[PDB]
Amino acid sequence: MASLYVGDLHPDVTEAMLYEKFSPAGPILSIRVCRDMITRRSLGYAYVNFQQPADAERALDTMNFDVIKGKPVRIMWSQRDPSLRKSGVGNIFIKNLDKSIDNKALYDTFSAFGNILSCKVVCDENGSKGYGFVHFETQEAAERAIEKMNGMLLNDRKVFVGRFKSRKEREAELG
């Protein structure tokens, strides 16, 4: 197991840029930026395959949320089956995040609860929109994270923490 998904890429990020970025973690087997079949438009993500699993782990541990062409990358172990992303089991939503909190800070704090598959502070032109997500490997980790962190002050601003809800599910419950 030595394949990383590298997402949230700027459309103009190339394979070469990714090699330059990831190469210091150790020798690379191959790198593929995924593209639309005919127009070749980047799909906003890539696979980076290391020769050594320890090297892939180092890169994930060390280079996550680093900026390439002005946008922080989001690295995961490759998991092409989207069923867990779809089910949201273990996935949590955080709101009223002070704008001083970035991806790395959110990751460092929440990883105390358990191993994180993926997390993200959402950003636009003005920076953090003040909300984000953290998807834990286990649902027990998510539950502890919610129980502990909901209603807490994070850098002086009170957060909501709760199970992630998809747009359809949320518009259902709000009516």
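Start at 1 with the first residue shown and count on from there.
For the segment pair 158-166 and 7-15, the entry gives 158-166 the higher mean B-factor, averaged over Cα atoms. Taking the mean C-alpha B-factor of each stretch as recorded, 76-84 and 91-99 are not equal, and the higher mean is that of 91-99.
The maximum CA B-factor among the listed residues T39, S30, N64, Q139, taken from the PDB record, is found at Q139.
The PDB entry assigns the greatest CA B-factor among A56, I116, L43, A112 to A112. Among all modelled residues in this chain, the alpha-carbon of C34 has a temperature factor (C-alpha) in the lowest third.
Among the modelled residues of its chain, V48 has a C-alpha B-factor that falls in the lowest third, as given in the PDB entry.
Split the chain's modelled residues into thirds by C-alpha temperature factor. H135 is in the lowest one.
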